[PDB]
Structure formats: structure tokens, C-alpha cells
Amino acid sequence: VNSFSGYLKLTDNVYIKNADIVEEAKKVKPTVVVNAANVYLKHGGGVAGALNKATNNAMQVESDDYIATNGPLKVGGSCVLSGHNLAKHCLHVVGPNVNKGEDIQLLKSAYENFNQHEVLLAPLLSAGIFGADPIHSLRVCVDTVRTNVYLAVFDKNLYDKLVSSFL
Ligand SMILES: CNC(=O)C[C@@H](C)Nc1ncnc2[nH]c3cc(Br)ccc3c12
């Protein structure tokens, strides 16, 4: 039993809700919140900009030190950093950005990072400003993640479409 509330169950291990991931993290304080990161950990907009804003820019300060030490992530890769006031940990995961020409096949590799964590609160990778089809992202999530994932979808119209079209 966990504290996630109001989710629709899609499969044995995947759950979904129309919710602002920032507000959801603040309420649940999950062990892991997933950020929709880029390779530079520049949290300017989309989910990343919103999560970082909620940390009062502490996420960005920590991220800049991480990059200065380690260099950029790989597309499809991840790193674990602090969750600040939102969660114990933040798993920064880089899905391919279609608006940069990146290989959509890398979306499966991106979701594989979730399997290193027993339970996660997450957005749909490569959705939103990353330009991928969210219906496809949900399909890859369900077919790749084996651990327990609670998906927050900000847009109500999109949430209803994802549920209604789910096979
Ligand atoms: C239409 N874009 C998506 O669907 C992409 C998806 C990854 N974005 C989000 N997903 C879940 N919760 C979220 N809260 C937010 C608050 C702010 Br401001 C900006 C974005 C999000 C956000």
C-alpha cells in the first residue's frame, strides 16, 4: 500500500491521473519523482521548468554542479539527484526531443531507467515540448517499465484521450 490517490489503473504496474506533477509531488513526497530532463540539465520549461521553479531554483544549482563535474547526460540516460522539497530523489531522465531530430527509438532506453526504482511518480517521457506522440509514449511506458509507475498528465483533454484510446 502506498499514498498515491485517485489514479486509474492501466496495468499490473502502471497507473495514471490528470494532475500537475508539481502539486502531486508536494502532496505525496514520493521516494522518486522523474524529471523530463535534457542532456545539459537546463530546466527551462515544460515539466523541468515547473519542477525547478517549485524548488526555488535549487534543482538548477545542483544540476549545474553535476554537469560541471560529469558532463552532459546521454539521450536515453539518467542521473539521480536530490528531490529537494518535492521528493526524496529526482530521477532526471532524458527522452528524445523530436524537435531536435533525436531517434524516437531512444524512448524505450529512457523508460528503462525507471526499472532501477521500485516506485516512481513520473510524466510521460518525450511528451509536451519534447514533441513525441503521448499515446506512443504511454505505450512504450507500459511495455518497458516493470516497476510501479504513477503517471501525472497535466492536460485534462490529453488525459481523457490517453485513457479512452488505451489498449
Ligand atoms: C503538455 N505537456 C505535457 O504533457 C508534457 C508533460 C511531461 N508535462 C507535465 N506532465 C505532468 N505534470 C506536469 N506539470 C507541469 C507543470 C508545468 Br508549468 C509544465 C508542465 C507540466 C507537466
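If you read the sequence from its start, that first residue is 1, and numbering goes on from there. Just so it is clear, the values below take in all heavy atoms, side chains as well, and ignore hydrogens, waters and symmetry mates.
Residues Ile104 and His136 have side chains in contact (heavy-atom distance under 4.5 Å, counting atoms from C-beta outward). Side chains of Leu151 and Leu124 form a contact here, defined as non-hydrogen atoms less than 4.5 Å apart. Within the 4.5 Å cutoff, the side chain of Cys141 has heavy atoms near those of the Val149 side chain. Looking at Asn13 and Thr147, their side chains never come closer than 4.5 Å, going by heavy atoms from C-beta outward. Residues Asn35 and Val93 fail the side-chain proximity criterion, which asks for heavy atoms closer than 4.5 Å. For the pair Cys90 and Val80, the minimum side-chain heavy-atom distance is 4.5 Å or more. Put simply, the side chain of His43 reaches to within 4.5 Å of the side chain of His92, judged on heavy atoms. Contact check for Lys26 versus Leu86: side-chain heavy atoms found under the 4.5 Å cut-off.
With hydrogens and angles disregarded, a donor-acceptor distance shorter than 3.5 Å links the side chain of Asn85 to the backbone of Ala54. Listed for the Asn18 side chain is no donor-acceptor partner under 3.5 Å among the backbone atoms of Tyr159. No donor-acceptor distance shorter than 3.5 angstrom exists from the side chain of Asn97 to the backbone of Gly131, with no hydrogens or angles considered. Without hydrogens or angle criteria, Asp20 side chain to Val22 main chain gives a donor-acceptor distance under 3.5 Å. Between the side chain of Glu24 and the backbone N or O of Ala19 there is no donor-acceptor pair closer than 3.5 Å.
Of all the heavy atoms in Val33 and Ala87, the pair that sits closest is CG1-CB, 3.7 Å. Minimum heavy-atom separation, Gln105 to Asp103: N-OD1, 2.9 Å. Looking at every heavy atom in both residues, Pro30 comes nearest to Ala25 through CD-O, 3.6 Å. For the residue pair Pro96 and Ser126, the shortest heavy atom distance occurs at O-OG, 2.7 Å. When every heavy atom of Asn99 is checked against every heavy atom of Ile129, the shortest pair comes out as ND2-O, 2.9 Å. Minimum interatomic distance between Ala122 and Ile21 (heavy atoms only, all atoms of both residues): C-CD1, 3.8 Å.
In this structure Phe166 satisfies the ring-ring contact (aromatic ring centres under 6.0 Å, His included) test with no other residue, sequence neighbours excluded. The salt bridge (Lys or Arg N to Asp or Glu O under 4.0 Å) test applied to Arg146 returns no partner, not counting sequence neighbours. Partners of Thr144 by side-chain hydrogen bond (donor to acceptor under 3.5 Å, both in side chains), not counting sequence neighbours, listed by chain and number: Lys108. For the ring-ring contact (aromatic ring centres under 6.0 Å, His included) test, residues two or more places apart in sequence or in another chain that qualify with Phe114 are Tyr111. By the salt bridge (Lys or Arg N to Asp or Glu O under 4.0 Å) test, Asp64 pairs with no residue at all, sequence neighbours left out. Partners of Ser78 under the side-chain hydrogen bond (donor to acceptor under 3.5 Å, both in side chains) rule, at least two apart in sequence or in another chain, are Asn113. Contacts of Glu112 classified as salt bridge (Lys or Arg N to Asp or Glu O under 4.0 Å), with partners at least two apart in sequence or in another chain: none. Scored by the ring-ring contact (aromatic ring centres under 6.0 Å, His included) test, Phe154 finds no partners at all (sequence neighbours excluded). Every residue was checked against the side-chain hydrogen bond (donor to acceptor under 3.5 Å, both in side chains) condition with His117, not counting sequence neighbours, and none meets it.
Few gaps surround NZ on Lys17; more than 12 heavy atoms of other groups in view lie less than 6.0 Å from it. Heavy-atom contacts from other residues, nucleotides or ligands closer than 6.0 Å to NZ of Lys27 number more than 12. Crowding of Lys161 atom NZ: a count of heavy atoms from other residues, nucleotides or ligands under 6.0 Å not exceeding 12.
The hydrophobic cluster containing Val1, built from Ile/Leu/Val/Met/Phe/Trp/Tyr side-chain heavy atoms closer than 4.5 Å, comprises no other residue. Other members of the cluster containing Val75 are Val39, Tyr40, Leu41, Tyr66, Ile67, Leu73, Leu81, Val94, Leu106, with ILVMFWY side chains joined at under 4.5 Å, either directly or via other members.
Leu158 and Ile16 end up in the same hydrophobic cluster when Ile, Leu, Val, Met, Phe, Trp and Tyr side chains are linked at under 4.5 Å. At a threshold of 4.5 Å between side-chain heavy atoms, the hydrophobic network of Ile, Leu, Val, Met, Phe, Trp and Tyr places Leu8 and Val119 in two separate groups. No continuous path of ILVMFWY side-chain contacts below 4.5 Å connects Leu51 to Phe130, so the two sit in separate hydrophobic clusters.
In this structure, a donor-acceptor pair under 3.5 Å is absent between the side chains of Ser82 and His89. Side-chain atoms of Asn52 and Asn57 form a donor-acceptor pair, as typed in the model, at a separation below 3.5 Å.
Sorted by first then second residue, the ring-ring contact (aromatic ring centres under 6.0 Å, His included) pairs that include residues 2-38, not counting sequence neighbours, are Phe4-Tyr7, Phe4-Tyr150, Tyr7-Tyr150, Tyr15-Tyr150.
Within the model, atoms OG1 of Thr31 and CG of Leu91 stand 12.5 Å from one another, a figure rounded to the nearest 0.5 Å. Note: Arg139 CZ to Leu107 CG = 12.5 Å, rounded to the nearest 0.5 Å. Summarising the geometry, atom NE2 belonging to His84 is positioned 5.5 Å from atom CE belonging to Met59; distances are rounded to the nearest 0.5 Å.
None of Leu138, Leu167, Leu162 except one satisfies the side-chain contact (heavy atoms from CB on, under 4.5 Å) rule with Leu10; the exception is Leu138.
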>> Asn148 vs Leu120, test: side chain to side chain contact (heavy atoms under 4.5 Å, CB included). Steps then yes/no.
In response: CA-CA 6 Å; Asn148 291 144; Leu120 315 86; over 6 Å; no
